[PDB]
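To start, the structure itself, in structure tokens.
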Amino acid sequence: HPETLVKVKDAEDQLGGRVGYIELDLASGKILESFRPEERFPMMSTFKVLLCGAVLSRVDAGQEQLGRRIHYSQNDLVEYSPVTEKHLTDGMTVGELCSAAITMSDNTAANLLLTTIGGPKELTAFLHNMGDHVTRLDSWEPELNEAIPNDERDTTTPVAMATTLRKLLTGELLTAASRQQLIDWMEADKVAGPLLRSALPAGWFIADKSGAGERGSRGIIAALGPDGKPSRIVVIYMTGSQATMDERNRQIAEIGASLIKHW
Ligand SMILES: *[B]([O])([O])[C]([C]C1=[C]C(C([O])=O)=[C][C]=[C]1)[N]C(=O)[C]([N])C1=[C][C]=[C][C]=[C]1
Ligand SMILES: [Ca+2]
């Protein structure tokens, strides 16, 4: 496997569109390497981690409980809701909704959680308020996956997302319990098998969240490291090609193989 930045540029060569990449040291926050760090990419389902950050912040502020059961109708269901579609009678707790949104990419679960915080506008305010003046959520699922227009809506940058993820996971913004719950959900991710996880050696820790959108869009955010503990943050986004799902998966896995090999 080639050097990581070479592999990233190669992925872009093969896919077309743009590929963005950043690797951060978790302990220090220092940027180790990057490519297109400050360019915008659609967040796609990766936003669901930030959403649950906002939910946990409200729990920490005594405004929400993870045990609170939410009921909803079949009319609330949108595409890609593999968990929520199974609980129309019994409903789901806020904590269960976050697990579904993060670990299964459940869209209705995300929408229901957005409602609890006051919508995409309030998620953006939450981000602005913790120091992220770049990332913006403008739409609900499943419209936010349009990857254009309109036009910088529903976007982040690799460095914005990486910095914000780091603050959520290790900063004093959330309580220790809440930081732990957020990473626990990400560690339990069920649908990112073919991505960074495919290149992960035995004994390593990974907590991640993937996403997919229109116009060749794919992405992953991760905290990972050897010896069962995370030590670096990795964010990879891609958009603006006609690449099939399999090919986009392959390039991300190959970037992963590279950054592990050249750790
Ligand atoms: B999303 O990325 O905001 C959402 C759900 C989804 C997540 C993942 C993943 O890897 O986490 C993947 C596939 C879908 N995306 C969509 O709702 C989008 N319309 C979509 C749905 C199916 C396949 C591609 C895109
Ligand atoms: Ca290029």
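Sort out which residues of the stretch 6-58 are under 18 Å from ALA125 (Cα atoms), part of a helix (DSSP H, G or I) and touching a strand residue (DSSP E or B) at 6+ places or on another chain (Cβ under 8 Å), and write them in order of number.
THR46, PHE47, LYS48, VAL49, listed by residue number.
Check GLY193 against each of (1) in a helix (DSSP H, G or I); (2) surrounded by fewer than 18 Cβ atoms within 10 Å (Cβ to Cβ) and name the one condition it does not meet.
(1)
Looking at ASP189, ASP151, can you tell me which residue is out of contact with any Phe, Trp or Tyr (no Cβ under 7 Å at 6 or more places or on another chain) and under 24 Å from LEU224 (Cβ atoms)?
Answer to the check: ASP189.
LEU174 fails exactly one of the following numbered conditions: (1) more than 16 Å from ligand 2 (Cβ to nearest atom); (2) within 16 Å of the chain's Cα centre (by Cα). What is the number of that condition?
The failed condition is (2).
Here is a list of conditions, (1) part of a helix (DSSP H, G or I); (2) within 13 Å of the chain's Cα centre (by Cα); (3) within 13 Å of ligand 1 (Cβ to nearest atom); (4) surrounded by fewer than 21 Cβ atoms within 10 Å (Cβ to Cβ), and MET186 meets all of them except one; can you say which number that is?
Going through the list (1) part of a helix (DSSP H, G or I); (2) within 13 Å of the chain's Cα centre (by Cα); (3) within 13 Å of ligand 1 (Cβ to nearest atom); (4) surrounded by fewer than 21 Cβ atoms within 10 Å (Cβ to Cβ), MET186 breaks only (4).
Being surrounded by fewer than 17 Cβ atoms within 10 Å (Cβ to Cβ) and under 25 Å from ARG248 (Cβ atoms) narrows it down to one residue among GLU3, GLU12; which is it?
Sole residue among the options that is surrounded by fewer than 17 Cβ atoms within 10 Å (Cβ to Cβ) and under 25 Å from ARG248 (Cβ atoms): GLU3.
Hey, can you tell me all the residues within the stretch 226-263 that are on the phi > 0 side of the Ramachandran plot and away from ligand 2 (no atom under 16 Å from the Cβ)?
Of everything in the stretch 226-263, those that are on the phi > 0 side of the Ramachandran plot and away from ligand 2 (no atom under 16 Å from the Cβ) turn out to be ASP227, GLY228.
A short reminder: the numbers here are calculations on the coordinates, not readings from a lab. As a convention, Cβ positions derive from the backbone with ideal geometry for all residues, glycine included, and neighbour counts pool all protein chains shown.
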